[PDB]
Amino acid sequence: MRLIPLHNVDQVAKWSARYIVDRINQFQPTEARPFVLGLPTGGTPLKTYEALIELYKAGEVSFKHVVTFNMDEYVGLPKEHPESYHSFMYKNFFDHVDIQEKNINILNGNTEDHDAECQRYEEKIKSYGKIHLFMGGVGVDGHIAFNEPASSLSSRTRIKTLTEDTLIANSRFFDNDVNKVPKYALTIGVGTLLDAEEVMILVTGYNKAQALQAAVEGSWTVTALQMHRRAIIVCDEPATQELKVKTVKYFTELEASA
């Protein structure tokens, strides 16, 4: 596992966006051989998407032959609703880069069969082979996406009931009314994330300090990253408050070395 200890959220956004762009330009995707990218939502990914747009506007990268898969989506909320994950991804990223609609994949939470929709997504992932880079966040309790904190490492795409903690957090997006937050969501599994060639986790904020410590130092779903072949965690200084001094010191020198 690689830990990138940066100072602030802006540096985390710029570094993570630059890492994605560098890999896409190293890969050089085509119509026959696209670059497959897993994508999250939320406040911390939002700053990366803004930085990715800045690099696109600078002519530094093209998403024409980039295929994307998003982590999750609300059930029962129309995709046209402003607070859907479809709306988040288009409003904050897709509408500003040269991505192709047919290469965009976001789970549909309003199908005739939620179980069937989840398996279709898993098969669309397999049809491309593997995801080359899956970007994600972590929750305060170390949970990935909408998977339960204690999800099996083999878990796959499925429907989940939102916990009481996720409803009150996401309530700010729904007029500060917990009864307006969708009660269900479709979410990729932990096994779905680990099947990617690379996982990049963005961890910012004091409230994520225990999660980052569990991810980096502990033996908390995010701890499964320790057995992943190519795991990258990009954090800011407040997120490192629970790490040991020697841990931050070693990775701070390792990155300055590159």
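The numbering used is simple: start at 1 and walk along the sequence shown.
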Residue 219-residue 220 interval: deposited residues absent from the model: 4 to 9
Residue stretch of maximal mean CA temperature factor, 163-171 vs 102-110: 163-171
Of 153-161 and 133-141, the stretch whose C-alpha atoms average the higher B-factor in the entry: 153-161
Residue of maximum C-alpha B factor among 97, 181, 71, 89, per deposited coordinates: 181
Residue with maximal Cα B-factor (values as given in the PDB entry) among 65, 57, 47, 228: 228
Where the record places residue 191 (Cα B-factor, split into thirds across the chain): highest
B-factor third for the C-alpha atom of residue 199 within its chain: lowest
Assigned third (lowest, middle, highest) for the C-alpha B factor of residue 6: middle
Residue 30 by Cα B-factor - lowest, middle or highest third of the modelled chain: lowest
Third assignment of residue 41 from its chain's C-alpha B-factors: lowest
